Each structure stands twice: as structure tokens, then as C-alpha cells.
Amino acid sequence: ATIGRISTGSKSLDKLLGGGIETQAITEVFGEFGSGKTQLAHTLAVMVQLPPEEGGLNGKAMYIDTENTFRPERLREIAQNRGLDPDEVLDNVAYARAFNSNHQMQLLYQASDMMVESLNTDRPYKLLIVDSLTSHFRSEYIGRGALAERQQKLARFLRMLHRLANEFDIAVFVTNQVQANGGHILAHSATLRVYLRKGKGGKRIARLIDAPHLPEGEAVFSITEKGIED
């Protein structure tokens, strides 16, 4: 299947990403608390629903939340300010709370179920958000004696996400709270990594790092009544 791209709402960020976030891939935004990761996720959940000419993939979204970050009223606001029917937009975002790391992995079976049900419809799933990828793994596997198991369980979760991305031709977008002001996670991955931070004058700065097929660079964007914009 053709690799599809979902607009972020920011022309500059889309340019940095080679046109938008990709289907058949896991995009991982990382950065400090307050860097805009959840705002980007919410905006993508709306943008995916739009036609291609408007930055979407005529799709629906599923949003897995681990730290009570999902805000339906924020989706409604983004939808309304983009000229859409907020009730319709909300109906196209399937919410699931993950209570712990084992449940978080269980929810991928539910995701898979929903994706096959919608597959040959005029509105298939095109986006799975996991906000956040790592929080329950970090809270449940603490200290040296649990580190190996944390890594194995997270690796298994990421493998399952890649399977969903590739089997159902969806974009997977995950968030990760990290403090690395150099903008690099040491651990190697098969995610497309974007480092987010606060910039000057209310803006956010995204830095694309370690992509095989896109050059490293930065883009500036704002958080607004429309979600993310330049």
C-alpha cells in the first residue's frame, strides 16, 4: 500500500516530516512535560479525518491514554475552529484508557479488532495514538532488578505497534516524556523520532533526529484554537 501522510496542521512541521506523519510507521515525539506532545496528538486525531487535499486520509483515529491526557472538549474546539462538526469529529475518535502496562498491550488486540471491522469501509482507521508509550512501563518496572523486563515488555509492545502500522496501513503516533536537552535518546529504535521543546515567544520547536530518509532539521509551530499551526 502507498504510504499516506497526515498533516500536523503546521506547514513548517509537515515540511520537516517530508509531508506529514507516515502510515506504516511509528512516529515518536519526545520531550519534557509541557512541550506540546499531547496537543500534537489531539490535532492529528482531527486532521486524519479530512480529505487528502485538506491534510487527512479520510480516516478515523484511536487514542490510547495512560496519564489522563485526552480532552474531548479540546478535540471539539479544534474541530469547530477548523469548520467541522465537533460531534462528527468526536465520533471518529475511539478512546481507551490503559490502566497498566499489561492492559496497554491488551488494548492492541481491541485496536486490531476495530481496525479489521473498519478496513473495507469508506472510513477505515488511519491513526493510532499512544499517549504515552512509556509511562506505565516506567512506573511498574523500577530499578536495576526490573530493567531487563521493562526493556523486553516495551520491545514487545513496539513490535505489536509495527505490526498494526504495517498490516492495517495506519500511522502510529506515540509520545514519550524525556529530559535530554541534546535532543537525542541513546537507545536505538525503528521509530521516527521528533524532539519537541519550548521556543521563544510562545512557540514550540520540533527537531527531526536520526531519520534514514529525511535530513535533520527544525520547524517552529504554535499551539492555538485550531490545535497546531505555524
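Don't overthink the numbering: it's just position in the shown sequence, from 1.
Going by the average Cα B-factor in the PDB entry, point out whether 117-125 or 68-76 comes out higher.
Averaged over C-alpha atoms, the B-factors run higher in 117-125.
If you average the CA temperature factors as listed in the entry, which stretch comes out higher, 196-204 or 165-173?
Mean C-alpha B-factor is greater for 196-204.
Could you tell me which one of 92, 100, 134, 81 shows the highest CA temperature factor in the PDB record?
Highest CA B-factor of the listed options: 81.
Can you tell me which of 47, 62, 187, 40 has the highest Cα temperature factor in the record?
Reading the PDB entry, the winner on C-alpha B-factor is 187.
Residue 139 by Cα B-factor - lowest, middle or highest third of the modelled chain
According to the entry, residue 139 has a C-alpha B-factor in the chain's middle third.
Sort the modelled residues of this chain by their C-alpha B factor and say whether residue 51 lands in the lowest, middle or highest third.
It belongs to the middle third of the chain when residues are ordered by C-alpha B-factor.
Sorting by Cα B-factor within the chain, modelled residues only, which third would residue 6 end up in: lowest, middle or highest?
Ranked within chain, residue 6 CA B lands in the lowest tercile.
Modelled-residue ranking by C-alpha temperature factor, third containing residue 110:
According to the entry, residue 110 has a C-alpha B-factor in the chain's highest third.
Taking the C-alpha B-factors as the PDB entry records them, is residue 25 in the lowest, middle or highest third of its chain?
Residue 25: CA B-factor falls in the lowest third of its chain.
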